[PDB]
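A short write-up of the structure that comes next.
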Amino acid sequence: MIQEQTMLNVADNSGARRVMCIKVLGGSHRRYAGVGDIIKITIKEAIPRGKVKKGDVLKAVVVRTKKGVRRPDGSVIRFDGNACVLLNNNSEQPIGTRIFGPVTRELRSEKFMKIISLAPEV
Amino acid sequence: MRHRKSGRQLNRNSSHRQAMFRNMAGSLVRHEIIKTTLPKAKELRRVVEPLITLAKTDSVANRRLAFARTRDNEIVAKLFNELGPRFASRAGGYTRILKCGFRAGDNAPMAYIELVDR
Amino acid sequence: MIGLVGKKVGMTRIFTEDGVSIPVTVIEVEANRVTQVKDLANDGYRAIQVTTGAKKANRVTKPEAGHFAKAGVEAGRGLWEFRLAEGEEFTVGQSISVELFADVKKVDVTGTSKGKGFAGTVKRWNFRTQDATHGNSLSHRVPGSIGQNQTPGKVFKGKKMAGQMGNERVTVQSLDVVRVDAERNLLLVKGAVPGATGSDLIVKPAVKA
Amino acid sequence: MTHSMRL
Amino acid sequence: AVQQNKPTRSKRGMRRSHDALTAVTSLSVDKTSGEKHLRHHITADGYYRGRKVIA
Amino acid sequence: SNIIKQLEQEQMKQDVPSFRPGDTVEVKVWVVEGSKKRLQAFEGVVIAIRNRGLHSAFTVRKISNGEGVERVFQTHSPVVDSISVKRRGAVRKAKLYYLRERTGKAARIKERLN
RNA sequence: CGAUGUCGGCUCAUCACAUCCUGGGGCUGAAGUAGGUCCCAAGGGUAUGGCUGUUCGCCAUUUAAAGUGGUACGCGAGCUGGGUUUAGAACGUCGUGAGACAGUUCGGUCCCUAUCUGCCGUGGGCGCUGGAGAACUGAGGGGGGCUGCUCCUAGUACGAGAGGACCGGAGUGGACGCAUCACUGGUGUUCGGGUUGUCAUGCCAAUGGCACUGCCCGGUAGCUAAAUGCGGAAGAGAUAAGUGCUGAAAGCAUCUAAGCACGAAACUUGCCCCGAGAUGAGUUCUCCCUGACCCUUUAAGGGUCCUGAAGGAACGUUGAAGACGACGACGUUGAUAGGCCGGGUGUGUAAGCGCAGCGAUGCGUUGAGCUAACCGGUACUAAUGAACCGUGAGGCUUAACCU
RNA sequence: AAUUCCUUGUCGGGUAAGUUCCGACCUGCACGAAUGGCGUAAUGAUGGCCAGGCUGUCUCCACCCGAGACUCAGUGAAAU
RNA sequence: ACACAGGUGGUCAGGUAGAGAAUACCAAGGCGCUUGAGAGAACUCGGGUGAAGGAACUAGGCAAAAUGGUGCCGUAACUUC
RNA sequence: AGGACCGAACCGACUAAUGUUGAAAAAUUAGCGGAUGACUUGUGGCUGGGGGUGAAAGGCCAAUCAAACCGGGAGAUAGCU
Ligand SMILES: CC[C@H]1OC(=O)[C@H](C)[C@@H](O[C@H]2C[C@@](C)(OC)[C@@H](O)[C@H](C)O2)[C@H](C)[C@@H](O[C@@H]2O[C@H](C)C[C@H](N(C)C)[C@H]2O)[C@](C)(O)C[C@@H](C)C(=O)[C@H](C)[C@@H](O)[C@]1(C)O
């Protein structure tokens with residue numbers, strides 16, 4: 001249940017290490033975001049050879065939560081630690097080449113299909 | 001909002017309520033008939049009657065559970081020696097509630113509660 | 001058309017073969033029997049009146065006993081009435097099973113919900129609790145300002161305040177029906193219907209197409 | 001104690 | 001919280017009208033004692049439905 | 001009551017294997033990718049089982065490549081294909097939430113050999 | 001001026017239109033897309049943060065939009081008290097000095113048990129013209145009305161390309177309201193276990209008290225949201241602006257003077273809830289009473305004896321009803337509550353005994369033992385026989401009616 | 001600047017965004033040398049700001065345990 | 001002013017764990033605080049726990065949560081050493 | 001050794017809550033500061049009203065302090081209600 005001021009860990013190799021969500025997008029007074037949701041983030045820590053530096057502001061997509069998705073059978077998939085994958089702020093394609101850790105199945109639509117094409121497990 | 005909640009609070013905290021039901025069960029098994037307030041009598045049914053259900057079969061560990069529940073030795077002696085076989089044949093309903101006027105002092109709904117052999 | 005009354009007996013869920021686990025509610029729809037048919041002659045409008053269940057003969061009174069012995073129908077607990085929409089009729093005493101609801105696809109439920117009792121405004125009208133600290137004094141969950149000032153000089157009619165919440169008749173519309181069992185006298189609807197288990201759910205075909 | 005009082 | 005001006009004997013009497021204590025309807029006559037008691041309570045001397053339960 | 005448990009006795013599946021909490025289990029789930037379906041494996045450790053008849057569930061915990069995942073399963077659902085125990089654990093607590101806490105050598109547990 | 005408590009924030013708001021979005025139209029220097037300007041329109045909706053005591057503003061980032069105003073610059077017998085505006089202290093400055101400053105800085109008691117109106121709920125009385133029990137009609141009142149994205153239409157009409165629709169169809173989202181725990185969860189001091197200290201049951205073993213439930217670990221039923229279902233309509237009428245058809249007055253022309261037809265989330269219905277105290281007190285069905293006297297102010301009379309029917313009330317067991325009254329179930333031709341039994345559930349292999357080990361401890365008996373509010377049964381206890389209220393056919397006039 | 005009106009001076013740092021904080025420059029309304037000037041380790045229930053940890057402060061409240069509130073019996077006020 | 005949760009100087013001071021006259025539970029010894037009974041609404045007071053997020057609340061982390069003992073290892077700028 | 005450190009008694013009174021016709025005309029509860037001293041306290045003295053006392057607030061001087069209380073000038077005076 002990612003809302004504003006939430007710290008997220010990065011999932012890809014874009015060059016970030018630890019970011020902070022600053023706004024959930026889509027609709028007014030929207031409280032929080034689920035796994036298939038785009039959120040705006042700012043970057044708090046980064047590796048120095050990254051494609052993004054500390055203090056940027058750009059979009060991101062959630063990929064993992066501790067609250068977890070809910071499959072239609074009644075199943076729920078609750079990870080450990082929330083995760084995001086950074087997006088090219090206007091073009092919404094990802095930055096990094098690869099992706100660490102598994103993702104969710106419900107994500108699967110064309111831009112996030114480009115996300116899952118790198119992903120190791122589902 | 002107590003939808004299908006059972007158990008009466010009786011304006012007492014839970015540890016006092018537990019020790020009070022222990023003392024009342026002791027006096028009821030010893031003297032075989034007492035006079036007490038009506039909701040106290042109803043929850044005394046709800047406490048006492050599993051002890052006389054426990055007392056049907058004489059063993060060691062069941063007497064240790066009786067000593068865990070009521071914490072006295074003469075009470076469990078009188079229980080497992082007398083009220084075990086005296087209530088052998090029946091099933092349920094060992095306590096009997098008659099309501100007997102009101103308390104003169106604070107106007108409390110009073111009731112004689114007894115064991116049905118007497 | 002004509003609704004059916006039944007007993008809300010718990011909730012469960014069914015499994016489709018594809019994978020969707022649909023949470024359903026089981027209404028024991030006992031077969032209703034009409035006991036009075038209204039018509040335009042005495043009343044100006046047409047309607048039927050049904051009953052179901054069973055009742056002790058000591059528990060009925062002589063008025064309702066005469067009303068049930070008027071036309072061939074045994075005593076049943078409660079009475080209900082349905083409006084018989086213009087092109088449908090019955091002989092008095094003609095029993096209704098749950099096959100007319102086997103024809104239908106979208107259904108709606110009316111029933112008396114659970115009673116939360118005297119509820120405060122946070123439970124009742126979805127208010128907002130005030131700040132629990134920073135100096136707040138004896139005013140955590142109270143509604144606050146209930147009017148303007150001297151220029152109205154009155155609380156308006158229909159102010160949202162605390163009071164009775166629940167034990168009222170309320171409805172759910174356009175529920176999906178999944179399975180209409182014949183021999184067990186059952187109906188299964190998708191999702192939540194009002195009332196605690198043992199309620200009298202009066203079920204109609206849904207008006208919203 | 002000023003807060004009520006109108007100065 | 002303070003009252004504004006004092007009400008009358010009527011507005012006091014109207015509010016005190018609802019405090020009318022009603023009585024019991026009638027006492028039960030016992031079978032064997034003949035004594036009066038309340039319904040579903042024992043008598044003053046101890047009989048209750050013909051059963052001397054406290055003696 | 002009785003009618004609800006009759007329907008749920010009808011809908012239940014017959015060969016569920018009983019396992020204690022703490023056994024490493026191999027759970028195979030049907031996965032549907034649109035027009036095609038597949039059988040997909042999930043190996044982990046059960047940490048919590050809830051028996052309610054048809055509402056029976058059990059939550060298997062698997063650390064994948066870096067990260068702990070903890071996924072619940074409805075037992076008599078038609079989606080979960082088969083339940084195969086890999087080894088029989090020997091914990092005594094009924095629920096195992098410190099496996100959600102701990103990592104590594106602390107998160108490893110005993111085998112039963114009862 | 002024998003007191004109308006100030007700015008700002010929180011909670012709750014309600015109205016106006018000079019309308020920010022959504023809706024309808026005119027013109028456009030409107031090819032399309034997107035705009036500009038003006039007319040109609042108040043049903044609904046209307047940011048989150050950083051700085052500041054701030055309203056305001058600037059910024060960052062959303063949105064369909066970040067409306068303008070009234071309401072004691074709404075709201076302190078609802079909350080706060082940061083600012084201003086008490087007594088302390090200080091800097092600059094002015095003053096010979098006490099002191100002073102729409103200059104600053106640090107610190108600085110927010111009282112009240114609601115009489116009446118109002119509002120939210122819920123009852124007692126009588127009424128409704130013999131009494132009683134149900135089920136409805138509906139005057140009237142109230143609730144709700146927001147909308148994005150994607151896809152089809154289609155890459156079509158349009159245009160040099162670049163870009164790219166009106167109208168209609170479909171799915172999926174947000175914010176809001178209602179309902180319910182079947183799922184995922186929270187709580188679950190009434191269930192089970194682990195454990196430190198200490199005391200007690202004579203002692204070992206086993207338990208119990210107390211230390212915030214001693215600290216923790218799980219957790220049934222309930223309640224609950226972050227969970228799951230649902231709802232904004234479609235249709236219809238009379239329309240606002242607007243566009244019209246025919247048509248004179250006024251040989252022509254013209255939406256209008258006579259007439260006829262379209263036209264908006266507004267109004268009236270359609271959906272939902274209350275609702276015959278709707279004193280205009282409504283309707284339909286069923287049930288229950290078919291005795292005598294006296295008296296005079298012969299009256300819609302007062303009284304006496306006999307009879308008390310339908311049903312209500314009282315009491316008891318009580319309820320996912322409930323502040324209390326109320327409402328719902330049940331009262332032995334009886335499962336209403338308690339208990340018992342079978343089960344379910346939760347906790348995790350009880351105690352005792354044996355065996356191994358010097359010992360803590362372990363293993364077999366053992367998935368044992370204990371299980372709240374759960375389930376299905378079971379008259380074992382507690383719902384007593386009666387007494388209480390309510391009676392005796394229900395006025396007058398006119399009219400039809402059947403004899 | 002406890003001093004600065006204009007003023008949220010301009011530049012730099014910190015923040016996604018900083019009228020407060022820190023470092024600067026002097027255009028000191030109206031600093032300035034025992035009505036002391038400028039420094040300063042330690043100290044402070046002292047003032048301003050920042051970060052880590054921790055959380056029901058909050059998004060958004062939910063359940064529970066006790067004490068009053070409510071009903072019954074006894075005594076029985078006050079402001080107005 | 002009350003049979004008032006306030007104030008009042010000296011002497012003795014036991015057991016177990018403890019550094020201790022703190023604390024936890026006890027002995028001697030003394031009390032259960034001069035109104036009770038039900039019910040288990042809102043609301044307030046005292047507390048407990050909480051999913052995901054962790055100062056987004058706000059005047060301001062106010063209040064809460066958290067840290068807490070003994071020994072050993074190690075410990076920076078700056079300094080009046 | 002220390003106007004040294006942590007911390008009970010003791011002395012205080014920084015924060016929040018409850019109190020506001022209280023339990024109390026200044027408190028209680030949970031935290032807080034000092035705790036071998038410029039400390040605290042028991043008993044008995046002394047200083048007094050334009051005076052005392054003051055590590056200085058115009059603070060305290062018997063719940064009264066920019067001049068105590070009590071009696072007396074006094075039935076002050078009041079262009080004011
Ligand atoms: C212990 C209880 C005391 O009251 C309080 O402490 C409350 C909390 C004060 O507010 C405090 C605190 C505060 C900030 O105001 C609440 C402050 O300004 C006033 C002076 O004192 C009150 C209410 C003041 O009223 C206010 O007085 C203002 C002059 C006018 C104002 N009115 C016009 C609106 C009025 O409400 C005032 C004078 O003390 C009231 C008079 C009756 C009293 O003197 C009485 C003897 C009180 O002392 C008291 C009852 O014992």
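For the structure tokens, the naming scheme is as follows: chains receive sequential letters (A, B, ...) according to their order of presentation, residues are indexed from 1 within each chain, and ligands are indexed from 1 in presentation order.
Shell of range 75-80 of chain A at 9 Å, with only C-alpha atoms (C1' of nucleotides) counted and residues fewer than 6 places along the chain excluded, is residues 64, 65, 66, 67, 68, 69 and 104 of chain A; 57, 67, 68, 69, 70, 71, 72, 73, 74 and 100 of chain F; 183 and 184 of chain G.
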Practice problem: Write out as a ChimeraX atom specification every residue belonging to chain C that has an atom at most 10 Å from any atom of chain B, counting only C-alpha atoms. | Solution: /C:114-119
Practice problem: Give the residues close to ligand 1, within 6 Å, counting only C-alpha atoms (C1' of nucleotides) and all ligand atoms; write them as a ChimeraX atom specification. | Solution: /D:1-5 /G:3,5,110-111 /J:20
Selected residues written out, C-alpha atoms (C1' of nucleotides), as a PDB file, in the first residue's frame:
ATOM      1  CA  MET D   1      -5.213  37.035  30.551  1.00  0.00           C
ATOM      2  CA  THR D   2      -5.792  38.759  27.182  1.00  0.00           C
ATOM      3  CA  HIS D   3      -7.103  36.096  24.860  1.00  0.00           C
ATOM      4  CA  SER D   4     -10.822  36.853  25.587  1.00  0.00           C
ATOM      5  CA  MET D   5     -10.362  40.398  26.236  1.00  0.00           C
TER       6      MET D   5
ATOM      7  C1'   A G   3     -19.039  42.569  28.621  1.00  0.00           C
ATOM      8  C1'   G G   5     -14.518  36.652  23.444  1.00  0.00           C
ATOM      9  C1'   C G 110      -9.361  28.921  27.204  1.00  0.00           C
ATOM     10  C1'   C G 111     -14.608  28.061  32.771  1.00  0.00           C
TER      11        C G 111
ATOM     12  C1'   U J  20     -12.351  24.057  36.815  1.00  0.00           C
TER      13        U J  20
END
Exercise. Name the residues of chain F that fall into strand (DSSP E) according to DSSP on the backbone, using the chain letters and numbers of this document, as a ChimeraX atom specification.
Key: /F:24-32,37-50,57-63,68-74,80-87
Please, could you write that set of residues out with N, CA and C atoms as a short mmCIF file (atom, residue, chain, number, x, y, z; two decimals), in the first residue's frame?
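Generated file (again_34.cif):
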data_model
loop_
_atom_site.label_atom_id
_atom_site.label_comp_id
_atom_site.auth_asym_id
_atom_site.auth_seq_id
_atom_site.Cartn_x
_atom_site.Cartn_y
_atom_site.Cartn_z
N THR F 24 8.75 -28.78 4.17
CA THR F 24 9.07 -28.23 2.85
C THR F 24 8.25 -28.98 1.83
N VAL F 25 7.46 -28.23 1.06
CA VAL F 25 6.41 -28.75 0.20
C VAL F 25 6.65 -28.23 -1.21
N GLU F 26 6.20 -28.99 -2.20
CA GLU F 26 6.33 -28.66 -3.61
C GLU F 26 4.93 -28.50 -4.19
N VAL F 27 4.51 -27.26 -4.45
CA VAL F 27 3.13 -26.97 -4.80
C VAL F 27 3.07 -26.58 -6.27
N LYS F 28 2.19 -27.23 -7.02
CA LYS F 28 2.05 -26.99 -8.45
C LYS F 28 0.72 -26.30 -8.72
N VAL F 29 0.77 -25.15 -9.37
CA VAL F 29 -0.40 -24.33 -9.63
C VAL F 29 -0.59 -24.19 -11.13
N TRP F 30 -1.85 -24.26 -11.58
CA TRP F 30 -2.17 -23.92 -12.95
C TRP F 30 -2.01 -22.42 -13.16
N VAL F 31 -1.34 -22.05 -14.24
CA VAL F 31 -1.15 -20.66 -14.62
C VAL F 31 -1.68 -20.48 -16.04
N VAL F 32 -2.51 -19.46 -16.23
CA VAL F 32 -3.20 -19.23 -17.49
C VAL F 32 -2.70 -17.92 -18.08
N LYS F 37 -2.43 -22.57 -21.19
CA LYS F 37 -2.29 -22.82 -19.76
C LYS F 37 -1.04 -23.66 -19.53
N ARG F 38 -0.57 -23.70 -18.29
CA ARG F 38 0.70 -24.30 -17.93
C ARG F 38 0.66 -24.73 -16.46
N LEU F 39 1.52 -25.66 -16.09
CA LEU F 39 1.65 -26.10 -14.71
C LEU F 39 2.98 -25.61 -14.16
N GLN F 40 2.93 -24.83 -13.08
CA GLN F 40 4.08 -24.08 -12.61
C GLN F 40 4.38 -24.46 -11.17
N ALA F 41 5.66 -24.59 -10.84
CA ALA F 41 6.12 -25.11 -9.56
C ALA F 41 6.41 -23.99 -8.57
N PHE F 42 6.25 -24.29 -7.29
CA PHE F 42 6.50 -23.35 -6.21
C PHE F 42 6.95 -24.15 -5.00
N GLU F 43 8.24 -24.08 -4.68
CA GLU F 43 8.80 -24.86 -3.59
C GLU F 43 9.07 -23.94 -2.42
N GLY F 44 8.67 -24.35 -1.23
CA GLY F 44 8.90 -23.49 -0.10
C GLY F 44 8.69 -24.17 1.23
N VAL F 45 8.22 -23.43 2.22
CA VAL F 45 7.98 -23.95 3.56
C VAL F 45 6.63 -23.42 4.02
N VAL F 46 5.76 -24.32 4.45
CA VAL F 46 4.46 -23.92 4.98
C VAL F 46 4.74 -23.28 6.34
N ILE F 47 4.12 -22.12 6.58
CA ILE F 47 4.28 -21.48 7.88
C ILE F 47 2.97 -21.27 8.61
N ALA F 48 1.83 -21.43 7.94
CA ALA F 48 0.54 -21.20 8.58
C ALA F 48 -0.53 -21.94 7.81
N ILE F 49 -1.27 -22.80 8.50
CA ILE F 49 -2.39 -23.53 7.92
C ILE F 49 -3.65 -23.16 8.69
N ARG F 50 -4.74 -22.96 7.97
CA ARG F 50 -6.03 -22.60 8.55
C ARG F 50 -7.06 -23.57 7.99
N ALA F 57 -6.88 -22.91 3.98
CA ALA F 57 -5.79 -22.24 3.30
C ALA F 57 -4.48 -22.61 3.98
N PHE F 58 -3.38 -22.38 3.26
CA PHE F 58 -2.05 -22.64 3.80
C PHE F 58 -1.04 -21.79 3.05
N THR F 59 -0.13 -21.16 3.79
CA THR F 59 0.74 -20.14 3.22
C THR F 59 2.15 -20.69 3.13
N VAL F 60 2.65 -20.86 1.91
CA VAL F 60 3.98 -21.40 1.67
C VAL F 60 4.94 -20.25 1.45
N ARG F 61 6.11 -20.32 2.08
CA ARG F 61 7.09 -19.25 2.05
C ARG F 61 8.32 -19.72 1.28
N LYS F 62 8.67 -18.99 0.22
CA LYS F 62 9.77 -19.35 -0.65
C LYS F 62 10.68 -18.15 -0.80
N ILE F 63 11.96 -18.32 -0.52
CA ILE F 63 12.94 -17.32 -0.91
C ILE F 63 13.38 -17.64 -2.33
N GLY F 68 12.39 -12.91 -0.32
CA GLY F 68 11.36 -13.75 0.25
C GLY F 68 10.01 -13.41 -0.35
N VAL F 69 9.28 -14.44 -0.76
CA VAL F 69 7.90 -14.36 -1.18
C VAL F 69 7.12 -15.26 -0.24
N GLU F 70 5.88 -14.89 0.06
CA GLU F 70 5.04 -15.67 0.95
C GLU F 70 3.65 -15.70 0.37
N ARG F 71 3.25 -16.84 -0.17
CA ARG F 71 2.03 -16.94 -0.96
C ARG F 71 1.07 -17.92 -0.31
N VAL F 72 -0.19 -17.52 -0.14
CA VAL F 72 -1.20 -18.37 0.47
C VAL F 72 -1.85 -19.17 -0.64
N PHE F 73 -2.47 -20.29 -0.28
CA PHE F 73 -3.14 -21.17 -1.21
C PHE F 73 -4.44 -21.63 -0.61
N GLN F 74 -5.50 -21.59 -1.40
CA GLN F 74 -6.77 -22.18 -1.01
C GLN F 74 -6.70 -23.66 -1.34
N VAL F 80 -5.15 -24.88 -7.68
CA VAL F 80 -3.98 -25.55 -7.15
C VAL F 80 -4.06 -27.03 -7.50
N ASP F 81 -3.16 -27.47 -8.35
CA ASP F 81 -3.22 -28.81 -8.93
C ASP F 81 -2.89 -29.92 -7.96
N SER F 82 -1.68 -29.96 -7.40
CA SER F 82 -1.28 -31.05 -6.54
C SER F 82 -0.37 -30.53 -5.45
N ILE F 83 -0.34 -31.26 -4.33
CA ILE F 83 0.47 -30.88 -3.17
C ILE F 83 1.42 -32.01 -2.82
N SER F 84 2.72 -31.79 -3.03
CA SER F 84 3.72 -32.83 -2.85
C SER F 84 4.72 -32.41 -1.78
N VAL F 85 4.80 -33.18 -0.70
CA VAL F 85 5.73 -32.87 0.38
C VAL F 85 7.12 -33.34 0.00
N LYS F 86 8.11 -32.46 0.18
CA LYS F 86 9.50 -32.80 -0.10
C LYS F 86 10.23 -33.28 1.15
N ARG F 87 10.06 -32.62 2.29
CA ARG F 87 10.60 -33.14 3.54
C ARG F 87 9.75 -32.68 4.72
#
Using only C-alpha atoms (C1' of nucleotides), tabulate the residues of chain I lying at most 12 Å from any atom of chain C, each with its closest atom pair and that distance in Å to one decimal, by chain and increasing residue number, as a tab-separated table.
residue	atom	partner	partner_atom	distance
I:41	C1'	C:118	CA	5.0
I:42	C1'	C:120	CA	5.1
I:43	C1'	C:142	CA	7.6
I:44	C1'	C:138	CA	6.1
I:45	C1'	C:138	CA	8.7
I:57	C1'	C:131	CA	8.0
I:58	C1'	C:134	CA	7.8
I:59	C1'	C:134	CA	9.9
I:60	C1'	C:134	CA	9.6
I:61	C1'	C:134	CA	10.8
I:62	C1'	C:134	CA	5.5
I:63	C1'	C:133	CA	6.5
I:64	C1'	C:133	CA	9.5
